[PDB]
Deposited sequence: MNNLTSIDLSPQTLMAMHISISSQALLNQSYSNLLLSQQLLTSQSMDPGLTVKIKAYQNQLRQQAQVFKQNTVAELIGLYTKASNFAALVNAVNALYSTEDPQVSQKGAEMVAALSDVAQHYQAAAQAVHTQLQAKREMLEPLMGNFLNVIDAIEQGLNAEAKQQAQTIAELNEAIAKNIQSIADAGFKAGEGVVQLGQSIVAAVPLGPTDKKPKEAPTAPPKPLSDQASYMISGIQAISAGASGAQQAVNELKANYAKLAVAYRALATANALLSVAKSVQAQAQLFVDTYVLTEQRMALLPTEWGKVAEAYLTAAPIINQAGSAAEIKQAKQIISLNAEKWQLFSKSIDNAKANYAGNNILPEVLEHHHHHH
C-alpha cells in the first residue's frame, strides 16, 4: 500500500552538507598553498633545497587541479540534485487531478526519475573514482617528504629536536583552531563561508638573496564577530608562539624550518582531501537508494485507482516535493559558497 512509499531525498541533504564542509575548507587550503611565497634561495644545502622546491612545486600543481577542475566536477553533482528537485515539482504539478488516467501517468514519471537517479549515482561514482586516484598519489608524495624531514631531525642535538617538536606541536594546535573557525563560519550548511590569510611567521636565511622565507597562514575574517571567539583568540596566541619558535630553530637549521613550514600546509591539504574522498564515497550509494525507492514506489502508485487513493497519492507527492525544495535551497547556498570561497582574501589589523 501507498503508506510505505518513500519519494524523499533520504540523507542526500545532510550528505551534501558534510561534503561541502571539507571541500570548501580544502578550497581554502589550496589557495593557501598557491599564495605561499616559493623558496628562491640557492645559498643553502643544494641537496635539500631541490627536495623542498620539488615538493612545493608538486603541491601547487595538485592545489591548482583541485581549485580549477575538482571543484567544477563537484558543482556538477550539486546541480544534478537541483535538477532532480525541479523534476519532482513537475510530478507535483501533474497531480492537479484533471486527468482521468492520473495514476498510470504518475507511475510512468516516478519510474523515469528512478532512471535519472541511477544516472546521477553513476555520475557521482565517476567523481569519487577521480578523488580516490588523487588520494593514492598524494599520500605517498607527503609520506616521502616526511621521511626526508625525519632523516634530518634524527641527526640533530637535543636543543634542536625540542625547537622542532615545539613547532610540530604548534602546527597541530593551529589546525584544530582553523577547523573550529571554519565550522562556525559554515553554520552546518546555512552559512556564507569566508576565510582570510596573512603572514604569521618568518625564517631568517644565513647571510641580497631571499632575506627571509615569509610563512602564510589562514585567518578568520573578523577578529571579534566570528562565532568561535575562543578559537580566534587561541589562533592569535598560537601564531605569536609559532613566529618565536621558527626564529629559534632558524639560528642553526634555517632550511629545515622552511621544510617544516611547507609540510604543515601540505598536511592540511592532504588530510582534508582524504576526508573529501571519504564523504564522497557514500554519495553514489545514496543516489542508488533514491533509485531503488522510486522503482518500488512506481507500481504501487499505479494500483491507486480510487478517489481516496489518488487524493492520498497527491498528499504523499506534495509532501516529498517540499522536502526536495528545502534540499534545493541547501544546494543553491553550497554553489554560491563554492563560487565566493574561490578567493582567500588578505586581512589587516
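- Counting from residue 1 of the deposited sequence, the stretches lacking C-alpha coordinates in this chain are 1-2, 210-225, 368-373.
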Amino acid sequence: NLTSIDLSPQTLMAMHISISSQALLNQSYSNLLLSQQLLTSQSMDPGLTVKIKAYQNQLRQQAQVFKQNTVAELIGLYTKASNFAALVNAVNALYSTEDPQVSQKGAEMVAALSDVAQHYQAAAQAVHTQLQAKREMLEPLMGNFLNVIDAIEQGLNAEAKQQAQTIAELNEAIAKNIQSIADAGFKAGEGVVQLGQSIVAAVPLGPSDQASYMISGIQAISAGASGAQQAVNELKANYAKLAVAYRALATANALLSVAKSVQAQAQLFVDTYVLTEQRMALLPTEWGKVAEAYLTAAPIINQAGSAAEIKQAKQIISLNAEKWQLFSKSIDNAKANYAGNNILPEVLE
From here on, numbers count along this sequence of modelled residues.
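- When the two stretches 209-217 and 81-89 are set side by side, the higher mean Cα temperature factor goes to 209-217.
- Mean CA B-factor, 271-279 versus 147-155: the higher value falls on 147-155.
- Taking the PDB entry at face value, the top CA B factor among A117, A201, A223, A123 belongs to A223.
- Among all modelled residues in its chain, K134 ranks in the middle third by Cα B-factor.
- Among the modelled residues of its chain, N342 has a C-alpha B-factor that falls in the middle third, as given in the PDB entry.
- Among all modelled residues in this chain, the alpha-carbon of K311 has a temperature factor (C-alpha) in the highest third.
- For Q162, the recorded CA temperature factor ranks within the highest third of the chain's modelled residues.
- Ranked by Cα temperature factor within the chain, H128 sits in the lowest third according to the deposited record.
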